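Chemist: Can you look at this? It's an experimental structure, sequence on top.
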Amino acid sequence: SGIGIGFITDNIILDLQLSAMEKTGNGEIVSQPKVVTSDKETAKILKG
Amino acid sequence: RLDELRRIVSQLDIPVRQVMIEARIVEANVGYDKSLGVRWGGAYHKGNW
């Protein structure tokens, strides 16, 4: 990815490279489960 | 006692109520994925990203 190359050879061999990586990742997850349950009872929703 | 028990018998000998339960599952999944790899490579002057 990120590279800058400079090369001389005849007078001197000088190779100068700058290697840079910039990475940006944004992840948004919105999951909403709805369960209908009787009063004072256990109920479950499972997805997976 | 016979008659009273008979009346209870008449009430009790009632068909239990069956119900047909139809539950429908609806799943919709929509997926859009785009990826871009951009490459600028030159070996002539050694510039390659």
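Modeler: Here it is on my side, so go on. Numbering: from 1, shown residues only, chains lettered A, B, ... in the order given.
Chemist: Give me the neighbour count for residue A:5.
Modeler: By other C-beta atoms under 10 Å in any protein chain shown, 14 other residues sit near residue A:5. Backbone N, C-alpha and C define where each C-beta goes, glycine included.
Chemist: And the strands in chain A?
Modeler: Counting by DSSP state E, chain A has strands at residues A:4-8, A:14-18.
Chemist: Residues of chain A that sit close to chain B?
Modeler: By the rule C-beta under 8 Å from any C-beta of the partner chain, the part of chain A lying against chain B is A:1, A:2, A:3, A:5, A:7.
Chemist: and which of those residues is nearest to residue B:27?
Modeler: Using C-beta to C-beta, residue A:1 comes nearest to residue B:27 of the residues of chain A next to chain B, at 39.4 Å.
Chemist: Looks like the closest one contacts residue B:37 (just checking).
Modeler: No. Taking C-beta atoms under 8 Å as the contact criterion, residue A:1 and residue B:37 are not neighbours in contact, 10.2 Å apart.
Chemist: Which one's more surrounded, these two?
Modeler: Per other C-beta under 10 Å, whichever of residue A:1 and residue B:37 has more neighbours is residue A:1, with 10 against 4.
Chemist: residues contacting that one?
Modeler: Residues counted as contacts of residue A:1 (C-beta atoms under 8 Å, 6 or more residues apart in numbering or on different chains) are A:19, A:20, A:21, B:49.
Chemist: I'm done for today, thanks for sticking with me.
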